[PDB]
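Here the structure is laid out as structure tokens; the discussion comes afterwards.
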Amino acid sequence: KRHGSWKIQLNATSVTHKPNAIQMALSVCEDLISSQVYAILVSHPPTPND
Amino acid sequence: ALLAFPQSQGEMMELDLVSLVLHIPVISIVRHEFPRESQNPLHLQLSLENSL
């Protein structure tokens, strides 16, 4: 809203963190990459150190 | 030992997952060294064509 760009559209996609490293890669590839999103945010896990 | 010739990122991911789950040594030969940050030591990637 605050940007003057007209040819740029902002889309927000939410992906929860799977509680397993085995299925984390599949979930990331099936959703994040398939959306052709620009940049991905990395968030700290709920555990203090993981 | 497992021998494979993956051609895509999905095939490499499937091979790595199978090697990790089955707890067996797996080696896949690719034409070019596909980047991978996986720390699993059971999956090996063989670059037939190395860097120039």
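Using the Cα atoms of the protein assembly as shown to build a convex hull, what is its mean projected area in square nanometres? Working shown, then result.
Details: hull surface 42.1 nm².
About 10.5 nm², averaged over all directions.
Using +1 at the Cβ of each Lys and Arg and -1 at the Cβ of each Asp and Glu in the protein assembly as shown, identify which of A:46, B:46, A:10 lies farthest towards the dipole's positive end.
The residue sitting most towards the positive pole is A:10.
For chain B, what is the charge dipole size about the Cα centre, in debye to the nearest 20, if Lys and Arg each add +1 at the Cβ and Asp and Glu each add -1 at the Cβ? Intermediate values should be presented prior to the final figure.
Details: 2 positive and 6 negative charges, 16 e Å.
Computed about the Cα centre, the dipole is about 80 debye.
Mean separation of Cα pairs under 8 Å and 6+ residues apart, divided by the residue count of chain B: what relative contact order is that in percent? Spell out each step's value before the answer.
Numbers: 77 pairs, mean separation 19.4, N = 52.
Relative contact order, chain B: 37 percent.
Can you pull the mean other chain C-beta count within 10 Å for peptide A:22-35?
On the way: counts 3, 1, 0, 4, 3, 0, 0, 3, 0, 0, 0, 1, 0, 0.
Shielding by partners across A:22-35 averages 1.
Calculate the all-directions average of the projected area of chain A's alpha-carbon convex hull, and give it in nm². Walk me through the intermediate numbers first.
Values: hull surface 19.8 nm².
So the Cα hull casts an average projection of 4.9 nm².
Please sort by residue number the GluC sites (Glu not before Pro) in the stretch B:1-43 whose DSSP state is loop and whose Cβ has at most 15 other Cβ atoms within 10 Å. Intermediate values should be presented prior to the final figure.
Numbers: sites: B:11, B:14, B:33, B:37; in loops: B:33, B:37.
Passing both the DSSP loop test and the Cβ count: B:33, B:37.
For chain B, take the longest principal axis of its alpha carbons; what is the angle in degrees between that and the long axis of helix B:9-22, to the nearest 10 within 0 to 90?
30
Counting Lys and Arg as +1 and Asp and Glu as -1, what is the net charge of the other residues whose Cβ lies under 14 Å from the Cβ of residue B:12? Provide the component values of the computation, followed by the final result.
Values: positive: B:31, B:36; negative: B:11, B:14, B:16, B:33, B:37.
Overall, the nearby charge balance is -3.
How big is the dipole moment of the protein assembly as shown about its Cα centre under a simple scheme where the beta carbon of each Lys and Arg is +1, that of each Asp and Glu is -1, and everything else is neutral? Debye, nearest 20, please. Mind showing how you got there, number by number?
Values: 6 positive and 9 negative charges, 115 e Å.
In debye, rounded to 20, the protein assembly as shown gives about 560.
At 20 °C and 1.002 mPa s, what whole-number value in µm²/s does Stokes-Einstein give for the translational diffusion of chain B, with Rh from the Kirkwood sum over Cα pairs? Before the final figure, lay out the partial values.
Numbers: Rh = 11.0 Å.
Stokes-Einstein gives a translational diffusion coefficient of 194 µm²/s.
All of the numbers you see were taken from the coordinates with simple rules; none came from a lab. A quick note on method: Cβ atoms are made from the backbone with ideal geometry, for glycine too, and the neighbour counts reach across all protein chains shown.
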